[PDB]
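Below you will find one chain, with nothing else, as C-alpha cells; this is the form deposited in one PDB entry, and questions on how it binds or moves follow later.
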C-alpha cells in the first residue's frame, strides 16, 4: 500500500527522502523557494509527539512526485530538524483551520 498516507496521497519512504534531502539542502545553503519561502520553521502548535529534537522545518512534499520549486505548495509537508532527522509527515488535509494532522 503506502509508507505514508496524507489524506488521499500515498508516499513511499523514497518520496519522503527525495523531499527531505532537497528541503534540507536549501536550509543549509541559506536559500529558499517561492512566495512563502520554504523551507521555513515549523512551530508544533498541534503538539505532535516528534521524538527528534527541535527546531523543526517544513517543506512541501508533492503528490505529483516532483520536488517543490515554487508555486502551489500543496497541503502535505515533510518536517525535519537541523541534523536532518525526519520528525514526521504532516498534512493540512483533515484538520480544523491551520491545524495539521499527521499523515498515517
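Residue numbers count along the first chain shown, from 1.
Original post:
For the C-alpha atoms alone, is the average B factor greater in 45-53 or in 66-74, going by the entry?
Top reply: Comparing averages over the C-alpha atoms only gives 45-53.
Original post:
What stretch has the higher average Cα B-factor here, 92-100 or 21-29?
Top reply: Stretch with the higher mean C-alpha B-factor: 92-100.
**OP:** Select lowest, middle or highest to describe the third in which the CA B-factor of residue 16 falls within its chain in this entry.
**Re:** Its C-alpha B-factor belongs to the lowest third of this chain's values.
Original post:
Split the chain's modelled residues into thirds by Cα B-factor; is residue 83 in the lowest, middle or highest one?
Top reply: Middle third.
Same protein, other form: the form solved in complex with a small molecule, not shown, and the subject of what follows.
Subject >> Contact test, all of 14, 25 and 84, partner the small molecule in the bound PDB entry, heavy atom 4.5 Å >> reply: No: none of 14, 25 and 84 comes within 4.5 Å of the small molecule in the bound PDB entry.
**OP:** Indicate whether residue 44 is a 4.5 Å heavy atom neighbour of the small molecule in the bound PDB entry.
**Re:** Looking in the bound PDB entry, residue contacts with the small molecule include residue 44, since a heavy atom lies within 4.5 Å.
Original post:
Does at least one non-hydrogen atom of residue 64 fall within 4.5 angstroms of the small molecule in the bound PDB entry?
Top reply: No, no contact at 4.5 Å.
**OP:** Answer with yes or no whether residue 99 is in contact with the small molecule in the bound PDB entry, where contact means some heavy atom within 4.5 Å.
**Re:** Output for residue 99 is yes: heavy atoms within 4.5 Å of the small molecule.
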